[PDB]
Amino acid sequence: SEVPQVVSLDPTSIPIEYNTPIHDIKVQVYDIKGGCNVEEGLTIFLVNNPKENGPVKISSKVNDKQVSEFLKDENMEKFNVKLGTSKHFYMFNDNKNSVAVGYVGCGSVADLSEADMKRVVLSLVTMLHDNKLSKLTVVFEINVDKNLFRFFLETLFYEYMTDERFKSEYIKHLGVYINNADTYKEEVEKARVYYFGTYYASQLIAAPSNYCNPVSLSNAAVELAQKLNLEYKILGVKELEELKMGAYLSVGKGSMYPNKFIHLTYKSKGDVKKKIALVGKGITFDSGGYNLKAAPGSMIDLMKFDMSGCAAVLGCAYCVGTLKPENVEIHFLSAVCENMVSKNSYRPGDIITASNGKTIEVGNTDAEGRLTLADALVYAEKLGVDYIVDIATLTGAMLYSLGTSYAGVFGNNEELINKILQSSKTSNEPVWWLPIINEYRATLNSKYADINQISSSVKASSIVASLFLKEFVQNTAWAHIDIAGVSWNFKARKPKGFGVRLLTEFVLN
Amino acid sequence: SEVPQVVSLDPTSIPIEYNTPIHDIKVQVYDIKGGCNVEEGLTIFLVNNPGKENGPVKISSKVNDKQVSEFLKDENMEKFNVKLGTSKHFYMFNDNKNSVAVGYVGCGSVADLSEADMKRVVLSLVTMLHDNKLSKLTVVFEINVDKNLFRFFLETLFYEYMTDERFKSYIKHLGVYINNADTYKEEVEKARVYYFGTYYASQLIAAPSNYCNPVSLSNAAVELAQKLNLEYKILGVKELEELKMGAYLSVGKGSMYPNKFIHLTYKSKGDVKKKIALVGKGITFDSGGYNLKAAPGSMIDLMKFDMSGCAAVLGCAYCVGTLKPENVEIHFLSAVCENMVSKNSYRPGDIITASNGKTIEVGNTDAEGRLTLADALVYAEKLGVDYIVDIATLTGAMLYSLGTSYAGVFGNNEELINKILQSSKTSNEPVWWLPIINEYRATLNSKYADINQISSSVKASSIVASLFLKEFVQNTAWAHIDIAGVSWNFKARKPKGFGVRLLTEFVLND
Amino acid sequence: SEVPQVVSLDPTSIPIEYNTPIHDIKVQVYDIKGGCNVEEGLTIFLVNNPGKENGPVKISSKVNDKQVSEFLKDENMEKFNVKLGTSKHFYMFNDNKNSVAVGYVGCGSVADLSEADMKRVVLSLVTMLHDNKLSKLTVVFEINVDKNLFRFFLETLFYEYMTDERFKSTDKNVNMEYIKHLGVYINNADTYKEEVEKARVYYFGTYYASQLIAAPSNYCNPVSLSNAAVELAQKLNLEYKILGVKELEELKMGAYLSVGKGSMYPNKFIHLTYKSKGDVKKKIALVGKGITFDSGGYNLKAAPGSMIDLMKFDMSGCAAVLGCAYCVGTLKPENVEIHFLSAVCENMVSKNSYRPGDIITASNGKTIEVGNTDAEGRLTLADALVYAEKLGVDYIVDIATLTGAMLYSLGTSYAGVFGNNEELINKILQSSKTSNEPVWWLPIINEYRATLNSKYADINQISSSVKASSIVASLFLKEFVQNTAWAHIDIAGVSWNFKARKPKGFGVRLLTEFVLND
Ligand SMILES: [Zn+2]
Ligand SMILES: [Zn+2]
Ligand SMILES: [Zn+2]
């Protein structure tokens, strides 16, 4: 519980905003039939041309003569639909009120992907950050299913919100016009919950390691649990020693922060039909240890992001605790520690013993996440659960296989993997199934210990890491999502909060 | 067609062995009801013990010898076990009072052996074959295998047994005892054909770049086409110029060997129901060009293998031309050239024009394979085919994604992707479907040219290369098989000939 | 003259656009005291708020239209601020009931705009012209600018607006239309009218440089570049001579010839001359580095960060000089004679290339030990400097993408100037100020000269101990000027715009101002 300091200026908690300006936005959805009113603020048409870089045409009736004139085909023809392109103009409407009207081009393909919709939303937010506005109205002249509509709102909220916690006027109304509006209305408050879970995960990830350490991260988790009435248990070093979690404890040996193991539980009021464990990797800073991250491209400056899997799991607890699904029991776990260089650190070649009795030869101290996950998986399996799903920024190799856009899913059970893929489709957080190739298993055969931590011949590191983790799950359906490539948004210089909505869709559906 | 030489000692053709010692082996399949005769050579029982950890060996087969049966009694056999890969050797006198040789190979503790496990069994067999002067091998299947895995066993046996001695200065009989022997007989000569398709690919790949250059490789293709009875043409520099294949021509500018484009065709006698183009990357040596492969881990000594895709397509032309499927027209295509460093080479930054009119800004001369493939794809599509499948050692990133066992497949058509994945199952050459992620397409936008060759921001190079290639297919189902990771067997120091059986099963299945 | 090809698809010239759409723009400058007519296209106010950081927009001009005046009232504008580079677009109907677009770009709160500030202003303005179809732009200056900065505004607007599509084929921009009219309202308009056509000449010299730099090495090689220089001379009526390998052997230019030994393209040395009618008071040689592609040679550019894919730009010095010849040939200054020189070649890997360790002899008889084949620029420039000095000139100025170390000293905004004569250096810094192309004076440190001592040759090409390679290269060059005022401008860091992925055409206006100032 008390956060240790080196000097009295060392922070002792992670600052967290709960009530955000997004929560004060009043949202109304109207049917397009009947016409759009243009009375105040900024009005944006979402427009495609199914062709390439083709002209903007507005098909919706607008109940304002001045604005209709501006929106005539002969004027809008000047502008083109290239994806993410935008224009907006201030003008007087019929009431001589000054209103801003424009568009964001949605390209020439009728079904937009999640990536295309993010580009549309980015261009919208750029206008929001550049204009003082009480109101934004968005007119849909593109087709969107209910899930993609929800994703439009969650991304708009997340991208719009600015995190100012470490620095020393938002709209108050959102109108949406869309054909068959009544079917979309239910998505609004679901989007607002999914926004906050994602935004909350992002806050934990962006919090630097001096603020977000194993003690302060577990304290934040207890505070979350108290606000949502979840049960919670934080296991400290003496308890972890009794549980014999030698793999996880070895990783944290060189840190000034004691290991803390987070275990939150949501349990439905009714019968419990399904029991799930969600396991997040929780390394609050990864130096690499004695295998220090010193090579070109190692990015040691990004390594506060190595607890992103723990953050996604706590963002999912927010969503779950809020929307309150029936018939389930969810355990949210995370073996939290910090990987540092010290006279007290574990070393390359050390032989260590996991909580299931397996001895492990450490070949590289910067493969610490699979060690802390090993003992977390043994813990999760002893809970007697139906599914275990871990999420982790585990292998740099992911940037060379799927890149920055799709996470990789690996698993021991095809039904569970298909469930994750489905949740990927409905959360619009993209994941792709990659294989656990059994032919590589013999590279983990240690001359001295029961098993090696790493391969010294196989380059397919993300597959080798998966084979290692699978050794710690005996008889339960298990899937492992590797988000090393997708967790950080390099262009925007901030986290994605990747996985909160994926994991929540999985629990809910 | 004459091979240019720098000195008179330079080779002017690739040495190719067509009738191998494997082809001389007389193969007989006998029904195991009937019992096993011993006598000759070496007799090997393939025994498992499913369930039991490392169970004892129990020989179930009837053995038509009183002596050898008394030796193979459970009593004597209990001391040995079935650990996958194990083997033992026995010496005895038979009913004839003649000394014979017998043993077993352990097949483990699952009842249904996997592909890579069958390979481990075959490797153990080959070890016994390499060690001793034998006239005959007999193999008794006391395990269950379907037709498909039986064929795989034979192909793998043949391939592993065959030793390539072309650059240095066997049994005569194979007997096989198996249950329902009549159902397996058909597989024997199919395995023999597939073995040769694969070994033929391997001979072209293993041949070094001084022997195997764009002129000797296309000469070897013409010779193969002549032996099979395939239509062929080789397009030379003057025709390629007329067709405006500027991306492919740029890659070969720095080479002393003129570019040669290989086009073979197999056409069925009947109605032609499906038209297919199979396109193989044909770089006979990849130095990297001015973006020389000088970084640690770049493996420039391996780069004779950069024509592995062309080799797989030619091996497949061997199988197709031999098996003669009906209802099909197949075009076998390779844009063959050599990527070298010269006053004549293309340079990083050069803007080149492909045969479909697209200008391309070269960002790295070592991404040459996609440039040669782009022109070959425009050529394939102009043929009016229904499917285009390319195979290529395209990106070293495959080592980090799937490793050395599974190739990646990418494409623009789910049905074609599914046919490829089916053929991967039936060929036993493993492939995994990977996504063409359209979000990375913006990183090929060029300031000056129609498109960039490479991404300067995205590290997922196997996906970026696929996005590039997709720009050269306008309106045809297409898929792309990246074999960079799987083509060379680093453990055995030789090619796998990967892809020949995959592509053949794809054509045959259609 | 004939460009050699490896295959028949290899290009045999650099494509060059001379009559660009900017040349079709009719420009009219009007005095602001008469008020603005707002009748069509887009009208943009350049607006600041001196003192008030991110202060409000307030329009100060009279506008001769009741409707537009109503829209532009302070109450209406107060939602908007003047932060540098910010902009807004308005749509209304004027008194003649015709639709009209009106806007502003913010010019900040400091009444004196740097070159970089004015560049941000132009960039925002150009974003308003892109992705819009307009026949007319008018710009209202409600800020204070001197004559040079008003000219810089126009040069920059022209250069940034112009899009280079010479190598597009299936991806030509369908929606790219250019304005046909530009109106400018400003205080004391009569005094700025002279800057308009000067801006147009400066834009083109600069765009022309940019076209040659951006042309890839397979289009722009030593033969095609020297051919484009002849064409340029012919259009301008300059005297010209292109020296070929046999002439360069007779002149004993061994350092320059060794660099191009490995190329399939013969070395070509460009010499153009502009000479005033009447009295010639100053003779100047401008020497540009013209390596059309730099692979590094046997010291190949293989290290991480070496950017071999950028090296078509290594003739950027020769482009600047040729763009200068354009402006000089057009503007016709009196009392000068200008020689525009470039030792053009390509640095390649071949059986024929020069090697690390080779000892070559320059045209002044000095023997040089090659320590690195990728220090090729100063070998070419050594022979060009000897040639320039033998012309009997008063000043020699060279310009060159010489050393990557410029990125570590001055970075991407300012070029460095080195030289042997303080008056010349000051004339360059002065022209830097009037051209608005920023240069910083850097020292030639004589204490490093001993590290060029060669055990076998008269001199080493490179230092093996000193890492300040921009200084060492200048000490090397200084050995090839015996008794003439000389300066050297290293543009390796400024020549390429990495953000916008195109050349700046840096140097053309700096060199022209220098010539015209004299
Ligand atoms: Zn880590
Ligand atoms: Zn290659
Ligand atoms: Zn250079």
Side-chain angles (χ1 to χ4, degrees), chain A residues 38 41-45 56 66-67 70-71 75-76 78-79 85-93 97-104 123-131 133-137 171, chain C residues 36 38 40-49 54-61 63 65 67-69 71-72 74 76-94 99-109 117 121-134 136-143 157 185:
Chain A
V38 182
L42 170 61
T43 301
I44 295 299
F45 299 77
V56 178
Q66 289 298 304
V67 175
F70 169 83
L71 299 171
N75 190 238
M76 294 302 287
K78 274 192 262 283
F79 310 123
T85 291
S86 73
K87 291 295 173 150
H88 64 290
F89 286 77
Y90 282 81
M91 65 195 75
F92 287 145
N93 74 352
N97 196 46
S98 180
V99 294
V101 182
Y103 85 91
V104 175
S123 157
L124 186 59
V125 173
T126 293
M127 299 180 278
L128 294 171
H129 285 156
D130 247 282
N131 293 263
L133 297 167
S134 56
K135 178 173 207 190
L136 168 64
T137 299
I171 61 174
Chain C
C36 323
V38 176
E40 66 181 312
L42 183 64
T43 305
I44 302 301
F45 294 81
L46 302 187
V47 178
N48 65 1
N49 202 334
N54 314 301
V57 170
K58 291 173 174 169
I59 306 302
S60 37
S61 294
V63 174
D65 182 276
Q67 300 299 316
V68 183
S69 305
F71 197 94
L72 297 168
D74 292 328
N76 201 32
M77 290 301 94
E78 65 135 304
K79 42 167 130 79
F80 304 128
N81 73 57
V82 305
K83 185 147 91 81
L84 217 213
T86 184
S87 60
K88 253 79 196 145
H89 265 102
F90 317 135
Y91 172 85
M92 59 211 74
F93 280 90
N94 67 16
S99 68
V100 98
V102 179
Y104 84 86
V105 175
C107 302
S109 44
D117 294 336
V121 172
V122 173
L123 259 12
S124 300
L125 179 48
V126 177
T127 70
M128 304 180 86
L129 310 171
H130 282 342
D131 300 295
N132 202 335
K133 251 87 154 194
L134 289 157
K136 180 169 301 189
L137 170 65
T138 123
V139 182
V140 185
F141 279 75
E142 299 193 347
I143 57 164
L157 170 64
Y185 285 84

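The analysis underlying the following values was restricted to heavy atoms, covering all of them including side chains, and did not include hydrogens, waters or symmetry mates. We name chains A, B, ... by the order of the sequence lines, and we start the count at 1 in each one.
- Taking both residues in full, the closest heavy atoms of C:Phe71 and A:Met91 are given as CE1-CA, 3.7 Å, listed atom of the first, atom of the second, then distance.
- The backbone N or O of C:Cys107 sits nowhere less than 3.5 Å from a side-chain atom of C:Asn48 that would complete a donor-acceptor pair.
- Pairing each heavy atom of C:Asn76 with each of A:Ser98, the nearest pair is OD1-CB, 3.7 Å.
- To the nearest 0.5 angstrom, A:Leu136 atom CG is 8.0 Å from A:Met127 atom CE.
- The two atoms that bring C:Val140 and C:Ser61 nearest to each other are CG1-OG, 3.5 Å, heavy atoms only.
- Taking both residues in full, the closest heavy atoms of C:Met77 and C:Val57 are given as CB-O, 3.5 Å, listed atom of the first, atom of the second, then distance.
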Between C:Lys58 and C:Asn49, is a side chain to side chain contact (heavy atoms under 4.5 Å, CB included) present by the stated rule, with each step listed? CA-CA 8 Å; C:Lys58 291 173 174 169; C:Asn49 202 334; 5.6 Å; no
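- The shortest side-chain heavy-atom distance between A:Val38 and A:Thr137 does not fall under the 4.5 Å cut-off.
- Between C:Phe90 and C:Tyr104, the two ring planes are tilted [angle within 30° to 60°].
- At least one side-chain heavy atom of C:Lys88 sits under 4.5 Å from a side-chain heavy atom of A:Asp130.
- C:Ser69 places a side-chain N or O within donor-acceptor distance of the main-chain N or O of C:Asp65, the cut-off being under 3.5 Å.
- By the 30° and 60° cut-offs, the orientation of the rings of A:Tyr90 relative to C:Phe80 is perpendicular.
- Atom CG of C:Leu46 and atom CG of C:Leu125 lie 7.0 Å apart (nearest 0.5 Å).
- Note that CD1 of C:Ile44 and NE2 of C:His89 are 5.5 Å apart. Values are rounded to the nearest 0.5 Å.
- Closest heavy-atom contact between C:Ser87 and C:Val105: CB-CG2, 4.1 Å.
- The two residues A:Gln66 and C:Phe93 come nearest to each other via the heavy atoms OE1-CD1, 4.1 Å.
- A donor-acceptor pair under 3.5 Å is formed between the side chain of C:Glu142 and the backbone N or O of C:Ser60.
- Rounding to the nearest 0.5 Å gives a distance of 5.5 Å between CG of A:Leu128 and CD1 of A:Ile171.
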